[PDB]
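Student: experimental structure and its sequence below.
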Amino acid sequence: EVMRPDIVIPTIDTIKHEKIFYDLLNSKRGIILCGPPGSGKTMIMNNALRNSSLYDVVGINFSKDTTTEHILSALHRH
Amino acid sequence: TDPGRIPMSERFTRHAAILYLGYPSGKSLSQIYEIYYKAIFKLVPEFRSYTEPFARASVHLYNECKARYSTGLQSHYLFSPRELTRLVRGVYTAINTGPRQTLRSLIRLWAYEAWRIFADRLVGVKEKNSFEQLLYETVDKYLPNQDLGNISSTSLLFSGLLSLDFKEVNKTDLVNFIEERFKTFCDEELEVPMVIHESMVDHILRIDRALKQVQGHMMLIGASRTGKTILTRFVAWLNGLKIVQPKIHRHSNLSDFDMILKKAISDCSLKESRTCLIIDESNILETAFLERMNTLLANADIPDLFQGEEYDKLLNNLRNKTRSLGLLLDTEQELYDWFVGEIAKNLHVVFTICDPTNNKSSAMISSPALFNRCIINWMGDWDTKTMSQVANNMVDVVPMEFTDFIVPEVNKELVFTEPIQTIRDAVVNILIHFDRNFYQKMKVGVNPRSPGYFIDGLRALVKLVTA
Amino acid sequence: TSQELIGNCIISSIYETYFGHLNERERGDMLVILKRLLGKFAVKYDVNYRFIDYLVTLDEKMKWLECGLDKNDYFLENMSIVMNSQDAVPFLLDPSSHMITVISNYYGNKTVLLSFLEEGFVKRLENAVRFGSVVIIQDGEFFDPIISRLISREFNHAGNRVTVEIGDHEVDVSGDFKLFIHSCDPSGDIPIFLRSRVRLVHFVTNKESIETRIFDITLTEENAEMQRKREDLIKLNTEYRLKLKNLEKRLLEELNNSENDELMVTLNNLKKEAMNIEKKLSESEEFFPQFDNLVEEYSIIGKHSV
Amino acid sequence: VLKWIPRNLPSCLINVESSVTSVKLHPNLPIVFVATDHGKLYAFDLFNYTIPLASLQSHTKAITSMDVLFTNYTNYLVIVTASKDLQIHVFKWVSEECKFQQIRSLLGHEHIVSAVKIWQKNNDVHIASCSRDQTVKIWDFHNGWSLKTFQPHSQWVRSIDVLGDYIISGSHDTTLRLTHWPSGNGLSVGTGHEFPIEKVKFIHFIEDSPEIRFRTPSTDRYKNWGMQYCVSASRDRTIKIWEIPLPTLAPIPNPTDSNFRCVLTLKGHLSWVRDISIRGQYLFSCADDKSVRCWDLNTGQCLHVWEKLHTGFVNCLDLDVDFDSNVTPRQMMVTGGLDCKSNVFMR
Amino acid sequence: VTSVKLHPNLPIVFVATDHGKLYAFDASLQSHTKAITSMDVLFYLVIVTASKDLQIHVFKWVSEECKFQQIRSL
Ligand SMILES: Nc1ncnc2c1ncn2[C@@H]1O[C@H](COP(=O)(O)OP(=O)(O)O)[C@@H](O)[C@H]1O
Ligand SMILES: Nc1ncnc2c1ncn2[C@@H]1O[C@H](COP(=O)(O)OP(=O)(O)O)[C@@H](O)[C@H]1O
Ligand SMILES: [Mg+2]
């Protein structure tokens, strides 16, 4: 199972962070995750999204040559 | 703070809350990698009790490597827990395809994986000496086991070529096998007079290790004429991969790059044949090619490559291939993510970088979609033992000992070759000393030194002394 | 002359590769430290070593002299570096673009001029390498990666014929073919892939070449008879050595079996040639210190001029 | 008497100055012919292995494959040595003089040739060879010229086998394909290996045996066609036995049955398998792990392993022909070696 | 011929002439300028040649390349 990148290991920090992301996402407020590149922001955010039954996942990865067309097309998918 | 990240205005962060996700502490990393090593050691239950020392050793070694080698020394010393995760995955894929394991063999396997995931990016020789001292300290602190041999990179040669399983192999047997297989490779492919030495054996082993993993990509950093792409072609011929070579001249644009990428992707998916993509430094003219590599590597494919009629014919070809293999896939999402799984499983990209101090090379190695998802291999310059071995192997053909040569009593550090007995060792030492003095006196600084001058001088020397 | 072969031959192999792209002062200093390194490791070498007198014989020296090359020693050494690179393709860096005519005179009508800025470059290049004509390329600062297999010489020996792939298909090559690259701008950036695989030779003119050229002009003008005498003695010494070698071969072929007047005449001619050689050596022994006095005399003008 | 297994130790060692490439057997006298990488063709005698009978240098380049056959007219011996000098050579053995007698050299290949075969069907001897020219070539031994040249594959074929009027050809593009001999039409194509095919040969008929699972025909179509089962050896460390399908009997390919079928796969070699030679119930094969293995057809497991037979790569094996009544299958088998040695097992 | 030698493994014979030239007939290299005295061969193959020129040169024979390459001289 360690080959699959979606596997998470629950500790106190990631469960406290999952609680805060649920609290802010239920508060209709934008959330900005800003940390060093090894902190696993994408992994913990997908962990909070996929295990839940109240939120969904869209795959958007920004780049230098990215406009609102990609965002709008990803919006039409769901 | 790092370059490539444009600071956004406060008007966008006005309406959004902000968080800082710091690095996990020692206890959290320790517990997470206890869980990882318990999962890995479930394969071999005889060493189940060693889960705590291995996780403690990995966490402490990562912390020491982060504290010692910083960003100030080199721009690519950005360590992360992702390297620890890659270490765990490498240990798993070595144990799973390995023989009956032993405690000494397990420690050697972990040491080899740490060598190939943690200190294959180091530059200075004293940095590698500090790393092997760190390995000695970590092993003697957390795994107090005797009867353990050398942990240096020459004595840790784990290969899958010589057997059916990932196991340690003898040095001379591996050297003979590489010699004969490279002779067969030169017979069956392009011919190049490459000499065999232990540093290239270690490099060819680590690039074979990197090119056998699922979604395995790496970037090779080293001076020119070090022999990078020939080693890449040698491994990709050993593993049955197909070489695709981007033939890009000066009168080239993004259309040729896109059509080569499209042909490679179509041959990877529809024809189900694995391919190796050697992206050279000179093959990236503008930043659009770097953006295309970012899209191809951070994700699994390029969504911008197939649009409209191209997208429709791609989906038609994917449906035809799925119906040919008799797989019940109907929705477009299943076909698309099966296709990107096929691309991520059957496409390996490698990079050859000549001068890392260039602005284009700095932008390449500072890219966020390249540094994290590729194994940084630093070939660097040639150390003195490699030069001595190459010169000894190249001057032995010609008769050279025909003069009354007396042994000169010189200093210990002034002799790089094993101590002088014949005129050949003196000639090799003279050549290496002149090369070092010449590269010192031209003020090369920290730029890599291309060893092609040494090989050209050796060839001219043997031809001229023959005449 | 045999106990120091490995010391003199290792200098010239060093001299070909490392010293292609240096000025006179740095080249002299590196030769000094090379002599120091050779003397340190107990490898003997000729104390009166001269690279032109080591590799460049008189015939090739004249043949280079009336093809357009100047009489400077630095240009002669660089030309010897260029025309003794059998394995590595040479690179020419001359701001004046003077020596295109030199290689055209040396290779005759076989010289075909090509440029990286052309549009039919690939077709005429593949036709020329199928023929085997010598090819000279201009605009070396605009290197095009389509000749990456020609620069690295990664030919595959497919059967009895040697094979290369250029561009997008298969072309055949011949043993007559030789490639040359010429560049105009000295400050033009060169790719590292091209730079590390060619013999980069600098045909430029620096302040040390100002000193050398002013020395050459003041010796060929102030005391021209001395330079004429030096050239005459060198030419007669070479001619007498060749004649003595030919006479020795003829004498050995005549007297290999078993006396007559033919052997006695050959012995008398050999005695006369040996006496002439001894007289020439005695004359030339006491002439170099005059040149030493001249070079100790005409250095203040060089310092003033620089 | 067909279930002989060679002993563990070599009977005697044959010393060669360079790398041994192809080894053959004389079907009447105990004489072995040993190739070299230097191109020299030897002829050792098993009783006295001190000096060769006739050391003839025929080519400036290496030689790759051989074939030997004692003809039966309605007689003498023919040795062919395919080489790397763009041509092949044909030799005749003289028993009275004990020296090689050259006959002719067949030309036509535009690259180096890697396979050669010689046989007879009805009072006419034919020679086949296959090269890096991607084309299968045929010759007439008495006439001297070719009959049919054709390319079956995009990449270059490596090894072949033949009986009657059917030719299969392993290729560098990891695909097998039967090529019909008169018509030149590909009856069936095969896939399933992951590496180029080193050696490949047919499995033929036998008269009487207790029980067979890999040589006996199943139906009357197999019985009168006579071509049922083939075994292929390829660089993916595996040996497989392949079912060949029926044609639309010039025979036509079957549109729904023009694909091969792998029946039994064998694995355990530590490097590339190089050559195979079936002998009754036992599939003798080599590898590049300094070893020669013995595989059974029925149980599909290696009964005997010969570990560290040489200090280097093992190149080629060859046996005596057993599916014909002209030549008895004597209990002799000899191997080659990259480390300049050749070993023969007897009794 | 001043000395005769034979290959102990393959059918090769080494012949040394009185003028110093050595021929390998189943190659022609002049190991010593003067007349050679005697030779010895031991199995890599090393051939030691001694002559009257106060210089003993040792040469090795490459079986695959059919050429002799000198290793060292006393
Ligand atoms: N709490 C945790 N549980 C499991 N794995 C973790 C945890 N924290 C970090 N990791 C590891 O750290 C790595 C961070 O990778 P990634 O999510 O790509 O970083 P980022 O999100 O910054 O791009 C992952 O491979 C993950 O396995
Ligand atoms: N001992 C050696 N080590 C490294 N390179 C060598 C050696 N001998 C020759 N070479 C040269 O190196 C070239 C291959 O290096 P390559 O990987 O192409 O360098 P780069 O990666 O800078 O393009 C060959 O063309 C060959 O001429
Ligand atoms: Mg991140």
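Tutor: Noted; the coordinates are in hand. Numbering: from 1, shown residues only, chains lettered A, B, ... in the order given. Ligands and ions are numbered 1, 2, ... in the order given.

Student: and chain B, which of its residues are near ligand 2?
Tutor: B:192, B:194-195, B:224-230, B:352, B:354, B:390, B:455 (CB under 6 Å from any ligand atom). (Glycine included, C-beta is placed from N, CA and C.)

Student: looking at the residues you listed, which is nearest residue C:207?
Tutor: When the residues of chain B next to ligand 2 are ranked by distance to residue C:207 (CB to CB), residue B:224 comes first, at 30.9 Å.

Student: for the closest one, which non-adjacent residue is closest in space?
Tutor: residue C:196 (3.8 Å; CB to CB, 6 or more residues apart in numbering or on different chains).

Student: wait, what's in contact with that neighbour?
Tutor: B:224-225, B:354, B:450, B:452 (CB atoms under 8 Å, 6 or more residues apart in numbering or on different chains).

Student: need the max-distance pair from those.
Tutor: Top of the distance list for these (CB to CB): B:354 and B:452, 11.4 Å.

Student: name the residue in those two with the higher neighbour count.
Tutor: residue B:354 (24 against 18; other CB atoms under 10 Å in any protein chain shown).

Student: hmm, residue B:281 and that one touching each other?
Tutor: Yes - the criterion here is CB atoms under 8 Å, and residue B:354 meets it with residue B:281 at 5.2 Å.

Student: and the gap between whichever residue of chain B sits closest to chain E and residue B:368?
Tutor: Nearest to chain E in chain B, going by CB to the nearest CB, is residue B:399, at a distance of 3.6 Å. Distance of residue B:399 to residue B:368, computed by CB to CB, to the nearest Å: 57 Å.

Student: compare neighbour counts for those two and give me the winner.
Tutor: residue B:399 (17 against 14).

Student: isn't that one right up against residue E:68?
Tutor: No - using CB under 8 Å as the test, residue B:399 is too far from residue E:68 to be in contact (10.1 Å).

Student: distance of residue D:45 relative to chain C?
Tutor: 35 Å (CB to the nearest CB, to the nearest Å).

Student: from residue D:334, how far off is that residue?
Tutor: 12 Å.

Student: mind checking which of the two has more residues around it?
Tutor: Higher neighbour count among residue D:45 and residue D:334: residue D:334, with 26 against 16, using other CB under 10 Å.

Student: how far off centre is the host helix or strand of that one?
Tutor: Assigned by DSSP states H and E, residue D:334 belongs to strand D:332-335. Centroid separation for strand D:332-335 versus its chain: 14 Å, with CA atoms, centre = their mean, to the nearest Å.

Student: again with stretch C:276-292
Tutor: 26 Å.

Student: and for stretch B:434-448?
Tutor: On CA atoms, centre = their mean, the centre of stretch B:434-448 falls 26 Å from that of its chain.

Student: which parts of the stretch 51-200 of chain B sit against chain A?
Tutor: B:78-83, B:88-89, B:92 (CB under 8 Å from any CB of the partner chain).

Student: write the ChimeraX selection for whichever of those are buried.
Tutor: To isolate the buried ones among these in ChimeraX, judged by 16 or more other CB atoms under 10 Å in any protein chain shown, type:
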select /B:78,79,80,81,82,83,88,89,92
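
Student: about what we covered before: need the overlap of contacts for residue D:45 and residue D:334.
Tutor: Contacts common to residue D:45 and residue D:334, judged by CB under 8 Å, 6+ apart, are residue D:32.

Student: can you give me the helices in chain A?
Tutor: Secondary structure of chain A, counting by DSSP state H: helices at A:12-25, A:41-50, A:68-76.

Student: ok, residues contacting the first one?
Tutor: The contact list for helix A:12-25 (CB under 8 Å, 6+ apart) reads A:8, A:31, A:44-45, A:47-48, A:52, A:55, B:17, B:19, B:21, B:24, B:28.

Student: which pair of the residues you listed spans the longest distance?
Tutor: A:55 and B:28 (24.9 Å).

Student: those two: which has the busier surroundings?
Tutor: Legend: neighbour count by other CB under 10 Å for residue A:55 and residue B:28, higher for residue B:28 (17 against 13).

Student: quick one: buried residues of the helix or strand containing that one?
Tutor: Element membership for residue B:28, per DSSP H and E: helix B:26-41. By neighbour count with 16+ other CB under 10 Å, helix B:26-41 contains the buried residues B:28-37, B:39-41.

Student: so after it, what's the next helix or strand?
Tutor: helix B:51-68.

Student: can you pull the residues of chain C lying near chain D?
Tutor: Going by CB under 8 Å from any CB, the residues of chain C near chain D are C:158-160.

Student: can you tell me which of those residues are buried?
Tutor: For these, buried by 16+ other CB under 10 Å: C:158-159.

Student: narrow the residues of chain C next to chain D to those in strands?
Tutor: Among the residues of chain C next to chain D, no member falls in strands (DSSP state E).

Student: pick the one among the residues of chain C next to chain D closest to ligand 1.
Tutor: Nearest to ligand 1 among the residues of chain C next to chain D: residue C:158, at 47.2 Å, using CB to the nearest ligand atom.

Student: who touches that closest one in this structure?
Tutor: residue D:111.

Student: again, only this time at 10 Å
Tutor: By CB atoms under 10 Å, 6 or more residues apart in numbering or on different chains, residue C:158 lies in contact with B:191, C:164, C:170, C:172, D:110-112, D:132.

Student: any idea how far it is from residue D:83?
Tutor: 16 Å.

Student: same thing with residue D:314?
Tutor: 21 Å.

Student: ok so, going back, can I get the buried residues of helix B:26-41 in a markdown table with distance to ligand 1?
Tutor: A markdown table is the format used below for the buried residues of helix B:26-41 (distance: CB to the nearest ligand atom, whole Å):
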| residue | distance to ligand 1 |
| --- | --- |
| B:28 | 7 |
| B:29 | 8 |
| B:30 | 12 |
| B:31 | 9 |
| B:32 | 5 |
| B:33 | 9 |
| B:34 | 12 |
| B:35 | 8 |
| B:36 | 8 |
| B:37 | 13 |
| B:39 | 12 |
| B:40 | 14 |
| B:41 | 17 |
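
Student: of these, list those near chain A.
Tutor: Near chain A, judged by CB under 10 Å from any CB of the partner chain, the entries from those are B:28-36, B:39-40.

Student: report the spatially nearest residue to the closest residue to chain A within the stretch 101-250 of chain C, omitting neighbours in sequence.
Tutor: Ranked by CB to the nearest CB, the top residue of the stretch 101-250 of chain C for proximity to chain A is residue C:145, at 25.6 Å. The spatial neighbour of residue C:145 that comes closest, neighbours along the chain excluded (CB to CB, 6+ apart), is residue B:249 at 5.4 Å.

Student: now the residue located most distally from the centre of chain A: phi and psi?
Tutor: Largest separation from the mean C-alpha position in chain A: residue A:65, at 21.8 Å (CA atoms, centre = their mean). When read as degrees, to the nearest 10, the backbone of residue A:65 gives phi -100, psi 60.
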